[PDB]
Amino acid sequence: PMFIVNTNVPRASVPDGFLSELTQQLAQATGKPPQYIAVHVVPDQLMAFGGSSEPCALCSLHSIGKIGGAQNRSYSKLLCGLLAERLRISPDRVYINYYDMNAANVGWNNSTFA
Amino acid sequence: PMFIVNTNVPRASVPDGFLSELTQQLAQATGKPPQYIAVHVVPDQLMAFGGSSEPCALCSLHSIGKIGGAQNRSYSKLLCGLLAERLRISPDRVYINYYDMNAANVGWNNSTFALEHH
Amino acid sequence: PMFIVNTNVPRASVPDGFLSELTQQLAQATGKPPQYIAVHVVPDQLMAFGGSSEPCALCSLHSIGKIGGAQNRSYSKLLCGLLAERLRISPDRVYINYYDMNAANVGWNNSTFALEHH
Ligand SMILES: O=c1c(-c2ccc(O)c(O)c2)coc2cc(O)ccc12
């Protein structure tokens, strides 16, 4: 799994430990080993949500499987909770796009997962 | 809806008002309320289009519905027009990827937009 | 086609001519002409792979067609080889997401690549 967060929150507001917490909690939530979890945090972005530049986040989660109705609702509660707690971003100013990737469409280690 | 612009145009060339104009014109174009429109502009990028580092942009628009043949052509005319006018980027050096997102695959406000079944 | 590389490798470690080399290698690999290849490299990123902040890359390749099982395997060998050689990133710390785009879902030059129907 691969999680990306883009936010206008300043880099200094990103707490020590944040990447590791995302790695560990996403490993739990998706049921995949932590060694395969990739996380990417992009602070200080020029963005608006609803025409306002108050804190907001635009995110994505790509996973080979483990994507669906109930699972995505769970991921959103977990991730919005983390963004609210750690970056002080309001949940209703977060978007998360979920992608269920075909193993043939994911490259890794000179090949693909198919 | 969510619109992202990545460009090698410098931040100083992004005009006052640009995010708001994108927000409002996208609300108008998609028929979605302005409150739900998110915009993200990323200047000063290291990128090339056709091997040339002349001004270019790589963009995406994600929407739950309102994606399709004629609508996407209309979005492209609007967005290329804005990028040409405001950032001075040639329309033929712009790519825009359109994504029709399923409501169940979009997170917001502690949940998703699939609130009908559980 | 559009290739994006996001990495925690520093900007100064990105060799001059990297974007041009990616352009040429991708044109060759996809069969699409160089003029239509777009490349974007984003260094100095805050990211981890498997919990480690050693060099890694998260990438995407979008193409209208020319995406699939065998071809994606070939692309991965090519792109990982390039990232390993040029950016000194180990192949098992690289992810590449492949996207087969519909022509109607790619905007360019004030329209899309769906020019056949109205
Ligand atoms: O899902 C993944 C995995 C993955 C992690 C653990 C596994 O056991 C497995 O088969 C696949 C690895 O990298 C990815 C990169 C992506 O852009 C999307 C999904 C994944």
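Criteria and thresholds
- Residues numbered from 1 in each chain as written, not as in the entry; some residues may be left out.
- Chains lettered and ligands numbered in written order.
- Heavy atoms only, no water.
- UniProt positions renumbered as here; feature names shortened; annotations may be inferred.
- Contact = heavy atoms within 4.5 Å.
- Buried area = accessible area lost by both parts, 1.4 Å probe.
- Salt bridge = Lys/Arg side-chain N within 4 Å of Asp/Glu carboxyl O.
- Polar contact = N/O pair within 3.5 Å; in protein donor to acceptor, adjacent residues only side chain to side chain.
- Helix = DSSP H or I, 4+ residues; strand = E, 2+ residues; numbered from the N terminus.
- Nonpolar A, V, L, I, M, F, W, Y, C, P; charged D, E, K, R; others polar.

Identification of chain B as Macrophage migration inhibitory factor from Homo sapiens is taken from the PDB entry. Within the Protein Data Bank, this record goes by the title "Crystal structure of macrophage migration inhibitory factor (MIF) with phenylchromenone inhibitor at 1.94A resolution". UniProt, in its Subunit (literature references left out) section for chain B, records the words "Homotrimer. Interacts with CXCR2 extracellular domain (By similarity). Interacts with the CD74 extracellular domain, USO1, COPS5 and BNIPL." The UniProt entry for chain B carries this comment under Sequence similarities: "Belongs to the MIF family."

The name recorded for chain A in the PDB entry is Macrophage migration inhibitory factor, from Homo sapiens. According to the UniProt record, the Subunit (literature references left out) comment for chain A reads "Homotrimer. Interacts with CXCR2 extracellular domain (By similarity). Interacts with the CD74 extracellular domain, USO1, COPS5 and BNIPL."

Turning next to the interface of chain B and chain C. How big an interface is tends to be expressed through the accessible area that disappears when the partners come together. With 26 residues of chain B at the interface, the matching set in chain C holds 32 residues. Broken down residue by residue, the surface that chain B buries against chain C is led by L46, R73 and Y95 of chain B, which jointly contribute 33%. The tally of links between chain B and chain C comes to 0 salt bridges. Linking chain B with chain C are 15 residue pairs in polar contact. Secondary-structure elements contributing two or more residues to the side of chain B that touches chain C are β3 (46-49), α2 (69-87) and β5 (94-100) of chain B. With 7 residues, α2 of chain B is the largest single contributor of residues to the side of chain B that touches chain C. Residue classes in the side of chain B that touches chain C are distributed as 13 nonpolar, 9 polar and 4 charged.

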